[PDB]
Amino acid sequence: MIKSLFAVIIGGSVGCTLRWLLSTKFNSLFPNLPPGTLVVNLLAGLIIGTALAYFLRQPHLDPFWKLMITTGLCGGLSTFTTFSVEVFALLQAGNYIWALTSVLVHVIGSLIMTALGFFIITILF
């Protein structure tokens, strides 16, 4: 399990770090829907969509890479909590229109970015 653990941590660290750099640079530009935390969910949602289709077509890939890419990169790149507090803070500011908007865009947007990365690779192959 130690080799697995290294994949989680390496992929995660690359993910967490990327989310951090993107968030501090871009979030404050549109507080009603902080775009840094959106893009890292739209991005990792895209990545996991491609992984969905590619892993399927590559039954023999080393799991170390699959774990590092999904639980690691995508698990560390995406966030449910930062998305959560922003909505929570919007709610407490009484900015309900943007709290609700924030939820729809993140949820429906991730799925789309997933379906995107999935149906791109499908069609490629």
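When you see a residue number, it is the position in the sequence shown, counting from 1.
Asks: Lowest, middle or highest third: where is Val14 by C-alpha B factor in its chain?
Replies: Middle third - that is where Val14 ends up once the chain's C-alpha B-factors are sorted.
Asks: Please place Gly49 in the lowest, middle or highest third of its chain according to the CA B-factor in the PDB entry.
Replies: Its C-alpha B-factor, which the entry lists for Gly49, ranks in the lowest third among residues of this chain.
Asks: Looking at the temperature factor on the CA atom of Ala115, which third of the chain's modelled residues does it land in?
Replies: It falls in the middle third of the chain.
Asks: Using the B-factor values recorded in the entry, state whether the Cα atom of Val105 falls in the lowest, middle or highest third among the modelled residues of its chain.
Replies: Answer is lowest: the recorded C-alpha B-factor places it there.
Asks: Using the temperature factors of the C-alpha atoms in this entry, rank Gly36 within its chain: lowest, middle or highest third.
Replies: It belongs to the middle third of the chain when residues are ordered by C-alpha B-factor.
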